[PDB]
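Accompanying notes for the structure given below.
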Ligand SMILES: Nc1nc2c(ncn2[C@@H]2O[C@H](COP(=O)(O)CP(=O)(O)OP(=O)(O)O)[C@@H](O)[C@H]2O)c(=O)[nH]1
Ligand SMILES: Nc1nc2c(ncn2[C@@H]2O[C@H](COP(=O)(O)CP(=O)(O)OP(=O)(O)O)[C@@H](O)[C@H]2O)c(=O)[nH]1
Ligand SMILES: Nc1nc2c(ncn2[C@@H]2O[C@H](COP(=O)(O)CP(=O)(O)OP(=O)(O)O)[C@@H](O)[C@H]2O)c(=O)[nH]1
Ligand SMILES: Nc1nc2c(ncn2[C@@H]2O[C@H](COP(=O)(O)CP(=O)(O)OP(=O)(O)O)[C@@H](O)[C@H]2O)c(=O)[nH]1
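Below is the structure:
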């Protein structure tokens, strides 16, 4: 199954937006000490954290207090990580986000499940105190989870600097929703060279930083342009030379030709390490025109 | 009897293509760990592999996992390879394709059967991961079997760089359907130089690689042109200088002349080793007239 | 008695053609391990050679397999070989050909019977395997059998590229049918110089090859022209400057004169080795008008 | 008595010709190894040769086999040679002709009977075997027989090469007809000189080659012309200057004059050896008129 959980106030916003837009095959869960935030957020399972220590009045800038509030409701928390694929979303540098995420990642690992972590670095102007905590959380998180995706918040101010705040954070959510709606297709309707969950587990096992996302294109070179757009999202870290895995899930129509598929494979292969491990596969449907989607994963 | 067994996703695709086209005298069997592929494939015997290890997910990029999975259900596959002629079709460089090829080819050999392997090399621009294990599978398969046919996908891009997705793989499948039609044609319709399965098991139990496939012609030199077309199929490998077999099966109408038949034999006789062995045969019927087919097998 | 047996596919074809045309005073036997050929052949006494070792599929390019199969079923085969005149016809190169002709010839020889063998050589452009195998078979047959008749198959190519294989192998059948109808004539309708089987046993026992055959003529020099046509028959390029036998059997009508008969004898007596043993004979009837048949058993 | 026995195919043909023509006072016997010829020969006593050595098929161009076969049935053979005058007809150079003929000759000689043998040399263009066999047979026969007659077949070519074989051989039969008719006309009916069997025994006792024949004439010199025709028959041409016998007896009519008889006597003695006895004679009957026959048994 697919379970996406949000730890901290930042994670609750991502869970809220993801649930508002709606996804298929994924279950939304929110974990946060402050009961005030959980009241306004919308999801299915709202597992309140350690009220016996926090009572629901926030954590503050102390990851130790977040960890102490965590690792107390583990008996209740263990039931939610009993799935196949999990997406832990947490804004680092805060309170419960930097403390509950490590213990939840370890708990999900002990349940033998694939983990993907979505973190967001704080604004540079927030302060050295606010950024050191986020760096500490990020460095220790990659030792537990096998895939970490980092979205620097200040990057939003360099790509989309004129929006009504919420939609500025919508770009950060775009990566997560795209990855979830792409993976839920990779574990769905097959065809030709269709992949399954085993390939996903192989491509996302003990690697580190990862890049995921999808795009669309309806030009003459539909597959190539869609892949190029998906692999180069503006708000992601531009570092793909040191990559040792890949996954391509072209979902074009009958108009797609073998030359275009081979060109897409060449374009993904030429931008990463020569000794890469490409696990591709094409799903084909006789309902759409030249438009071709492209789900891409790197690590 | 004639059995065609597919291994891996490529094997399932080839078996589906053969079943849709319709083959006389052949029985289709598909074996692959991924239960999704077997669910969405078309075949008579759908023998699932060792789900006790990797139920319904797939071997990924791990030939050893497929090797272990096949050995789990080795008893179930022993009762299906107990035939006369077997065609193991599997796309090398993958998962179960590279792992269920060795143990099933050996299993078929222990039943005293004539083995023909149809494999497809992966794309050159697809990473060294897909290429090294494909080479390993080819090297181990030529050891366990006596006839191996290789059709690299790159050649397809140099033959049909256009048309829909399935047409390229159908062109890859053309040689196998042509060969299975030729083999099932020798058993029926005895001719003047009538051949039988004993002659077939003279050129397929020796040497390594081989080239098979039929063709058609309707000009004045019908037999000669048909033989020249069948001997030089585009996507097949071009190596006829080092050949030590021939199974020419000129099957034309009464309009065929002795000069044309002798010329057709001499055409293949002059393009192979001087010390080669020819086991030719001819079938004559009054229903095709000028049109003459030509089934050719090398080694 | 007159018995003609055929070993191999070529032997079966010759037996079928001879039965189709019809022969009086002769019996037809077919021996070939390939039960597929026997199922569609036309004859009277069919013996399936090698019922155990071959199983009825075929022999392939293995004369040793044919030899073993012949040795397997000697008991049921010796019964039919007990006669006076036997015609063993075969196509060299095959498993049931060169590997099964010497054994049956030896069985006939150790039965006190006159043995005549007719072999068909393979096409020159069929590799060194067929040529060497045919040479070995001919060498091992001429030692045992007393009179062989060799018609290379390329003679049909370089003489009559007229019709299909079904109507050009009939041109190679002319030798055997002409010999049989013309040997069965000696045992009927005694003439003025009446001959019988005791003379045949003398003329067809020297050694080596023979050019037996018959022809007809209707011109003023009926006997001479018919004899010249019969002795220099096509497909027989073997030089006849050396010979030690003759069975001229002029069977003309009352119009024949002493001068014409003497010229018919002399034309043969001048075209062969100077010292020779002519066993000529003449049959005269008031029904053929001017036509004169020219049966000759020159060896 | 007069018995004519034929050995060999030529002997059987001559016996059939003589029986068809009809001769009074003579008995026809045919002896031949092959029963096929005897089944069609028109004769009274058909005594088969040595079936025990060889069945009734043929001799096989071998004098030894025929001679050995004759010795097998000597007991039955002797039953017929117990007569006064015997005519052994045999075609030399063949099988039983060079076989039973010497043994029947010696049997007749032992039985104290007058022996005359008629042989026919084979055609010159029939190889060295036939001529050598004929020479050996003639040399052997002249030893054990008191008189032989040789009429080579090649001589008929220079006399009447425009007649059918069945009728032109009757031209060679005229010698035996004249011999068997002149002898009968001596023993039967009286004459003025009245020669009997004593003179015949005198003129045919251990001499060798001889010329025997009769002729008719009706000119003014009937007796002179009739004698000259019978003394110079076109078939047998030998130097008569060395002859040592004569049986010139005539059968003229009343018109015959003493001068004509003296001239008929003198003409023979003019062209032969001046020595040796001329046992002449005359028969007179009042029916012939000017027509006068002439029989000569010159030796
Ligand atoms: N990209 C985004 N970052 C966010 C968002 N909301 C908060 N954040 C970031 O996350 C960080 C704050 O983390 P939290 O809200 O989990 C802090 P804490 O657990 O102490 O929250 P309370 O207990 O509710 O006070 C900080 O760097 C923010 O800039 C959002 O909607 N998008
Ligand atoms: N010529 C073709 N090659 C194919 C086709 N499908 C797959 N392949 C090739 O075969 C290889 C993939 O092999 P498989 O599908 O057996 C890999 P695996 O066993 O891991 O499949 P899953 O367990 O379903 O993931 C790869 O090189 C493909 O390019 C096809 O239809 N035609
Ligand atoms: N002149 C002819 N040659 C023939 C004919 N059929 C076969 N052949 C020749 O004979 C040879 C083939 O021999 P066979 O048919 O006996 C082969 P084999 O004994 O292996 O029979 P199978 O087991 O049925 O294959 C080859 O040289 C042919 O060219 C025919 O009808 N005519
Ligand atoms: N003048 C004739 N010569 C004849 C005649 N028939 C045969 N011959 C000659 O006699 C010779 C043949 O002798 P035979 O017929 O006795 C030979 P053989 O005893 O072997 O006869 P078969 O046993 O019947 O084969 C040969 O030279 C012939 O030319 C005939 O009708 N007339």
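Chains as they are written, first to last, in the UniProt record's numbering: chain A, 34 to 332; chain B, 34 to 332; chain C, 34 to 332; chain D, 34 to 332.
Note that CB positions come from ideal geometry on N, CA and C, so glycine has one too.
Taking the beta carbon of residue 100 of chain D as the centre, do at least 16 other beta carbons fall within 10 Å, making it buried, or is it exposed?
When all chains shown are included, residue 100 of chain D counts as buried.
Measuring only from the beta carbon, is residue 72 of chain B closer than 8 Å to any heavy atom that is part of ligand 2?
No, since every heavy atom of ligand 2 falls outside the 8 Å radius drawn around the Cβ of residue 72 of chain B.
Could you check what DSSP says for residue 64 of chain A in three-state terms: helix, strand or coil?
DSSP places residue 64 of chain A in strand when its eight states are reduced to three.
Can you pull the chain B neighbours of residue 67 of chain C, defined as C-beta to C-beta under 8 Å?
The answer, in chain order, is 227, 229, 231.
Listed from N- to C-terminal order along the chain, which residues in the region 70 to 100 of chain C have their beta-carbon within a distance smaller than 7 Å of any beta-carbon of chain B?
70, 73, 90, 91, 92, 93, 94
Start and end residues, beta strand (DSSP E) containing residue 51 of chain C
It is not in any beta strand (DSSP E) - residue 51 of chain C instead sits in the alpha helix (DSSP H) that spans 42 to 54.
Span of the alpha helix (DSSP H) around residue 328 of chain A:
Per DSSP, residue 328 of chain A belongs to no alpha helix (DSSP H); it is in the beta strand (DSSP E), 325 to 331.
Would you please verify whether the beta carbon of residue 218 of chain C is less than 9 Å from any beta carbon of chain B?
Taking Cβ atoms only, chain B never reaches closer than 9 Å to residue 218 of chain C, which makes this a no.
What residues match up with residue 79 of chain A in a beta bridge as DSSP calls it?
A:63
Can you find the residues in the same chain that come closer than 8 Å, C-beta to C-beta, to residue 213 of chain A, ignoring five residues on each side of it along the sequence?
35, 37, 51, 56, 59, 120
The region 62 to 80 of chain B contacting the region 182 to 202 of chain B, beta-carbon criterion three pairs below 8 Å:
No, they do not touch.
Can you list, in chain order, the residues of its chain whose CB lies under 7 Å from that of residue 248 of chain A, leaving out five sequence neighbours each side?
259, 262, 263, 327
Does the Cβ-Cβ distance between residue 175 of chain D and residue 315 of chain D come in under 9 Å?
no
Per DSSP, what kind of secondary structure is residue 221 of chain D in: helix, strand or coil?
coil
Note down, in chain order, every chain D residue with its Cβ under 7 Å from the Cβ of residue 308 of chain C.
160, 161
Taking the beta strand (DSSP E) that residue 147 of chain C belongs to, which residues open and close that run?
147 to 153
Quick check: does the Cβ of residue 102 of chain C come within less than 8 Å of any heavy atom belonging to ligand 3?
no
CA nearest to the CA of residue 168 of chain D, picked from D:317, D:126, D:209
D:126
Going by DSSP, what residues sit across from residue 266 of chain A in a beta bridge?
DSSP output for residue 266 of chain A lists no bridge partner at all.
Residue 232 of chain A to residue 297 of chain A, Cα distance in whole Å?
19 Å
Kindly examine ligand 2 and report whether one of its heavy atoms sits closer than 8 Å to the Cβ of residue 232 of chain A.
yes
Check: residue 123 of chain B C-beta below 8 Å from any heavy atom of ligand 1
Look at residue 123 of chain B: its beta carbon is at least 8 Å from all of the heavy atoms in ligand 1.
Could you tell me the alpha carbon to alpha carbon distance between residue 44 of chain C and residue 310 of chain C, rounded to whole angstroms?
For residue 44 of chain C and residue 310 of chain C, the distance between alpha carbons rounds to 32 Å.
Can you check whether the C-beta of residue 197 of chain B is within less than 9 Å of a C-beta belonging to chain A?
At a cut-off of 9 Å between beta-carbon atoms, residue 197 of chain B makes contact with chain A.
Taking a contact to mean a Cβ-Cβ separation below 9 Å, would you say residue 140 of chain D touches residue 118 of chain D in this structure?
no
By Cβ distance below 6 Å, which residues in the same chain neighbour residue 202 of chain D in space, the five residues on each side in sequence not counted?
Closer than 6 Å at Cβ, skipping near neighbours: no residue.
Closer than 8 Å: is that where the CB of residue 94 of chain A sits relative to any heavy atom of ligand 1?
yes
So, at 7 Å on beta carbons, what are the nonlocal neighbours of residue 68 of chain C in its own chain, with the 5 sequence-adjacent residues on each side left out?
81, 89
Contact set between residue 189 of chain C and chain B, taken where Cβ atoms lie within less than 7 Å
291
Under the three-state reduction of DSSP, which class applies to residue 57 of chain B: helix, strand or coil?
In the structure shown, the three-state DSSP call for residue 57 of chain B is coil.
Are the CB atoms of residue 277 of chain A and residue 304 of chain A nearer to each other than 9 Å?
no
Is the beta carbon of residue 236 of chain D less than 9 Å from the beta carbon of residue 332 of chain D?
Yes, the pair counts as a contact, with Cβ atoms nearer than the cut-off.
Please state whether DSSP places residue 197 of chain C in a helix, a strand or coil.
Collapsing the DSSP output to three states places residue 197 of chain C in coil.
Is residue 189 of chain C near ligand 3, in the sense that its beta carbon is under 8 Å from a heavy atom of that ligand?
yes
Host alpha helix (DSSP H) of residue 291 of chain D (start-end)
Per DSSP, residue 291 of chain D belongs to the alpha helix (DSSP H) from 291 to 303.
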